[PDB]
Structures are given as C-alpha cells and as structure tokens.
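J.: Structure provided below as structure tokens; questions to follow.
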Amino acid sequence: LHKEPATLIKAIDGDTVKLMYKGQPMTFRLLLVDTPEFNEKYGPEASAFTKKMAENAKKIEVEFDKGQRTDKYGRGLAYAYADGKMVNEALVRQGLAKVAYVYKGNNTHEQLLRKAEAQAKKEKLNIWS
Ligand SMILES: Cc1cn([C@H]2C[C@H](OP(=O)(O)O)[C@@H](COP(=O)(O)O)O2)c(=O)[nH]c1=O
Ligand SMILES: [Ca+2]
C-alpha cells in the first residue's frame with residue numbers, strides 16, 4: 001500500500017472527514033473503525049479527537065487498501081495519516097473507536113488496529129471504561 005496526498009477541507013465526525021484528493025472534494029470514511037455518532041456517548045470526544053488531529057497536521061495523506069476505494073454512499077475508504085501518524089490507529093488506541101467493518105480484501109491494517117484496541121481495553125480507556 002502507499003500514501004498519497006490530500007488536504008483537509010473540513011472535519012466531520014470521529015470517523016469521517018472531508019478532504020481534497022486529486023484536486024476533488026470527497027468525504028472519506030476511515031477503514032476498519034467505528035466511532036460513536038456525535039449523538040452517542042464518546043461521540044463528541046471522538047469528533048474532537050479527529051478534528052484536532054486533522055487540523056493540526058502539516059501533512060495529510062490517504063492510503064487506499066487492496067479492495068473497494070469507495071463505499072455505497074460515495075465515501076472514499078482509506079487509512080488517513082496526519083504527519084505520518086495513522087488517524088484510524090490513534091482513535092482505536094485511545095478507546096474512541098472500535099475495530100469494526102473488517103471486510104475481506106480491505107483489511108491490510110487489521111492486526112495493527114486490533115493490537116491498539118487490546119491496549120486501549122487493558123487501560124480501560126473511554127469506550128472501554
Ligand atoms: C467502514 C465501511 C463502511 N461501509 C458501509 C457499511 C455500513 O452500511 P450501512 O449504512 O447500511 O449500515 C455503513 C457504516 O458506516 P457508518 O459507520 O459511517 O454509518 O457504511 C462499507 O461499506 N465499507 C466500509 O469499509
Ligand atoms: Ca460511525
């Protein structure tokens with residue numbers, strides 16, 4: 001897999017963000033994770049976490065997996081990075097997302113994220129508290 005450039009257009013919530021990619025606006029949904037909706041417990045914390053990570057970043061990149069690159073809603077499916085740090089992983093490590101939506105053929109970083117979820121659970125962080 002490889003990283004490609006994008007720029008932030010707007011934070012949306014914990015697991016979706018509006019980025020410009022190959023010069024076009026797109027909503028990206030983060031692969032392999034599920035944040036609470038804003039209206040749910042830890043939703044506002046998840047939104048804030050992703051917003052801060054994306055806005056503070058000097059460099060945003062997206063990394064598509066081997067399979068589908070857009071979902072049935074026209075959302076781009078990617079791993080997102082802020083200054084080299086994967087947002088998907090960071091959310092899970094902080095207990096602000098669960099590993100979820102692991103479809104065959106778009107699951108390259110599954111075990112990395114499960115290891116992060118285990119550590120968040122051990123620490124009883126946020127959604128595991
Ligand atoms: C993360 C992800 C979601 N989806 C679809 C599955 C779910 O369909 P349904 O809407 O019918 O539940 C929805 C969950 O996204 P959200 O968590 O953003 O709601 O997005 C994919 O198709 N591929 C994916 O990789
Ligand atoms: Ca969600």
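Labels used: A, B, ... for chains in the order of the structure tokens, numbers from 1 for residues in each chain, and numbers from 1 for ligands as shown.
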Write down as a ChimeraX atom specification the residues of chain A whose backbone DSSP state falls under strand (DSSP E or B).
T.: /A:4-11,16-21,24-30,33-34,60-63,70,76-82,85-86,98-99
J.: Output N, CA and C atoms of each residue in that selection to a file, as a short mmCIF file (atom, residue, chain, number, x, y, z; two decimals), in the first residue's frame.
T.:
data_model
loop_
_atom_site.label_atom_id
_atom_site.label_comp_id
_atom_site.auth_asym_id
_atom_site.auth_seq_id
_atom_site.Cartn_x
_atom_site.Cartn_y
_atom_site.Cartn_z
N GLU A 4 -0.80 8.68 -0.35
CA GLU A 4 -1.00 9.73 -1.36
C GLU A 4 -1.42 11.01 -0.66
N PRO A 5 -1.14 12.15 -1.29
CA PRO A 5 -1.53 13.44 -0.72
C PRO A 5 -3.01 13.72 -0.71
N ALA A 6 -3.39 14.52 0.26
CA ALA A 6 -4.73 15.12 0.35
C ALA A 6 -4.59 16.34 1.23
N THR A 7 -5.59 17.23 1.21
CA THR A 7 -5.60 18.34 2.14
C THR A 7 -6.95 18.35 2.88
N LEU A 8 -6.95 18.80 4.13
CA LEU A 8 -8.19 18.94 4.85
C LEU A 8 -9.10 19.99 4.19
N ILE A 9 -10.37 19.63 3.96
CA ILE A 9 -11.39 20.66 3.71
C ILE A 9 -12.18 20.95 4.98
N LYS A 10 -12.72 19.90 5.64
CA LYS A 10 -13.44 20.09 6.91
C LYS A 10 -13.54 18.82 7.72
N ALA A 11 -13.37 18.95 9.03
CA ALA A 11 -13.70 17.87 9.94
C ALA A 11 -15.20 17.61 9.83
N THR A 16 -15.30 10.23 9.90
CA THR A 16 -15.45 10.77 8.53
C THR A 16 -14.83 12.18 8.48
N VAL A 17 -14.25 12.50 7.34
CA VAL A 17 -13.64 13.79 7.16
C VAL A 17 -13.70 14.19 5.68
N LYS A 18 -13.83 15.47 5.43
CA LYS A 18 -13.92 15.94 4.05
C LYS A 18 -12.54 16.42 3.63
N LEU A 19 -11.97 15.75 2.62
CA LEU A 19 -10.60 16.03 2.18
C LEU A 19 -10.64 16.33 0.69
N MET A 20 -9.69 17.14 0.24
CA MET A 20 -9.46 17.25 -1.19
C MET A 20 -8.44 16.21 -1.67
N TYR A 21 -8.81 15.41 -2.66
CA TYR A 21 -7.96 14.29 -3.09
C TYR A 21 -7.94 14.30 -4.60
N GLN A 24 -10.14 17.01 -5.97
CA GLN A 24 -11.59 16.93 -5.86
C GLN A 24 -12.05 16.79 -4.39
N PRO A 25 -13.14 17.47 -4.02
CA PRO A 25 -13.63 17.26 -2.65
C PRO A 25 -14.26 15.88 -2.51
N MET A 26 -13.97 15.19 -1.41
CA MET A 26 -14.53 13.83 -1.17
C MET A 26 -14.75 13.66 0.33
N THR A 27 -15.81 12.97 0.73
CA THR A 27 -15.90 12.57 2.14
C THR A 27 -15.20 11.23 2.26
N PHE A 28 -14.24 11.13 3.18
CA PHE A 28 -13.58 9.86 3.48
C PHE A 28 -14.16 9.26 4.75
N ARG A 29 -14.43 7.95 4.69
CA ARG A 29 -14.77 7.16 5.84
C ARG A 29 -13.54 6.28 6.18
N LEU A 30 -13.09 6.37 7.43
CA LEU A 30 -11.84 5.67 7.86
C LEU A 30 -12.08 4.16 7.85
N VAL A 33 -12.67 0.98 11.32
CA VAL A 33 -13.05 1.54 12.65
C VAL A 33 -14.48 1.99 12.70
N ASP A 34 -14.99 2.18 13.93
CA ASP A 34 -16.34 2.70 14.12
C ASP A 34 -16.28 3.59 15.33
N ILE A 60 -1.48 15.86 5.48
CA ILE A 60 -2.45 14.78 5.49
C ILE A 60 -2.17 13.85 4.30
N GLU A 61 -2.27 12.53 4.54
CA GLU A 61 -2.14 11.59 3.45
C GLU A 61 -3.25 10.56 3.61
N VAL A 62 -3.66 9.99 2.47
CA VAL A 62 -4.57 8.85 2.47
C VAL A 62 -3.92 7.63 1.83
N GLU A 63 -4.37 6.46 2.27
CA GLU A 63 -3.78 5.23 1.83
C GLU A 63 -4.98 4.31 1.59
N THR A 70 -14.29 3.15 -2.81
CA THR A 70 -15.44 3.94 -2.37
C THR A 70 -16.56 3.04 -1.89
N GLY A 76 -14.97 7.82 0.16
CA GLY A 76 -13.68 7.19 -0.04
C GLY A 76 -13.36 6.34 1.19
N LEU A 77 -12.81 5.16 0.97
CA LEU A 77 -12.44 4.25 2.08
C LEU A 77 -10.93 4.23 2.16
N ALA A 78 -10.36 4.79 3.22
CA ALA A 78 -8.90 4.84 3.30
C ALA A 78 -8.40 4.80 4.72
N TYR A 79 -7.10 4.55 4.85
CA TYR A 79 -6.42 4.90 6.12
C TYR A 79 -5.92 6.34 6.01
N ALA A 80 -6.16 7.18 7.03
CA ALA A 80 -5.74 8.56 6.90
C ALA A 80 -4.55 8.76 7.84
N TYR A 81 -3.59 9.58 7.42
CA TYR A 81 -2.40 9.88 8.24
C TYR A 81 -2.30 11.38 8.43
N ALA A 82 -1.93 11.76 9.65
CA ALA A 82 -1.62 13.15 9.99
C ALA A 82 -0.15 13.22 10.44
N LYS A 85 1.27 9.81 11.29
CA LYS A 85 0.56 9.03 12.33
C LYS A 85 -0.84 8.63 11.82
N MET A 86 -1.19 7.35 11.92
CA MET A 86 -2.46 6.94 11.31
C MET A 86 -3.60 7.35 12.23
N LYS A 98 -13.95 1.50 17.99
CA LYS A 98 -13.76 0.05 17.97
C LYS A 98 -13.27 -0.39 16.60
N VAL A 99 -12.53 -1.48 16.56
CA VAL A 99 -12.25 -2.14 15.26
C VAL A 99 -13.58 -2.69 14.78
#
J.: Which neighbours of stretch 38-51 of chain A fall inside 7 Å, counting only C-alpha atoms, when residues of the same chain fewer than 3 positions from it are skipped, and could you give them as a list in words?
T.: residues 11, 13, 14, 35, 54, 55, 96 and 127 of chain A
J.: Output N, CA and C atoms for every residue in that selection, as a PDB file, in the first residue's frame.
T.:
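The resulting file, out_25.pdb, is reproduced below:
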ATOM      1  N   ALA A  11     -13.373  18.946   9.030  1.00  0.00           N
ATOM      2  CA  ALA A  11     -13.704  17.865   9.943  1.00  0.00           C
ATOM      3  C   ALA A  11     -15.197  17.607   9.827  1.00  0.00           C
ATOM      4  N   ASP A  13     -16.946  14.105  11.567  1.00  0.00           N
ATOM      5  CA  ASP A  13     -17.023  13.475  12.897  1.00  0.00           C
ATOM      6  C   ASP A  13     -15.827  12.534  13.200  1.00  0.00           C
ATOM      7  N   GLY A  14     -16.009  11.606  14.143  1.00  0.00           N
ATOM      8  CA  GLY A  14     -14.881  10.762  14.582  1.00  0.00           C
ATOM      9  C   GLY A  14     -14.288   9.967  13.433  1.00  0.00           C
ATOM     10  N   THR A  35     -16.374   4.893  15.111  1.00  0.00           N
ATOM     11  CA  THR A  35     -16.556   5.835  16.221  1.00  0.00           C
ATOM     12  C   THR A  35     -18.056   5.934  16.593  1.00  0.00           C
ATOM     13  N   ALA A  54      -6.568  16.191  12.513  1.00  0.00           N
ATOM     14  CA  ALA A  54      -6.586  16.557  11.073  1.00  0.00           C
ATOM     15  C   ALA A  54      -6.179  18.023  10.880  1.00  0.00           C
ATOM     16  N   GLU A  55      -6.666  18.899  11.757  1.00  0.00           N
ATOM     17  CA  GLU A  55      -6.443  20.362  11.649  1.00  0.00           C
ATOM     18  C   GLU A  55      -5.018  20.778  12.023  1.00  0.00           C
ATOM     19  N   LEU A  96     -11.519   5.510  21.458  1.00  0.00           N
ATOM     20  CA  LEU A  96     -12.550   6.391  20.891  1.00  0.00           C
ATOM     21  C   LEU A  96     -13.177   5.754  19.641  1.00  0.00           C
ATOM     22  N   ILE A 127     -14.344   4.401  25.724  1.00  0.00           N
ATOM     23  CA  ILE A 127     -15.337   3.419  25.402  1.00  0.00           C
ATOM     24  C   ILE A 127     -15.176   2.050  26.103  1.00  0.00           C
TER      25      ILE A 127
END
J.: So which one's closest to ligand 1, A:100, A:92, A:1, A:120? Using only C-alpha atoms and all ligand atoms, please.
T.: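 Residue with the minimum atom-to-atom distance to ligand 1: A:100.
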J.: For a test of reading the model, state the distance in Å between atom CA of residue A:97 and atom CA of residue A:36, rounded to one decimal.
T.: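 So the two atoms, atom CA of residue A:97 and atom CA of residue A:36, lie 7.1 Å apart.
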J.: Would you mind reading off the distance between atom CA of residue A:123 and atom CA of residue A:89, one decimal, in Å?
T.: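 Going from atom CA of residue A:123 over to atom CA of residue A:89 covers 15.6 Å.
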J.: With distances taken over only C-alpha atoms and all ligand atoms, which of A:52, A:122, A:69, A:58 is nearest to ligand 1?
T.: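 Checking each candidate against ligand 1, we get A:69 as the closest.
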J.: Which one of A:23, A:32, A:125, A:117 sits closest to residue A:64 if you count only C-alpha atoms?
T.: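 Using only C-alpha atoms, the shortest distance to residue A:64 belongs to A:32.
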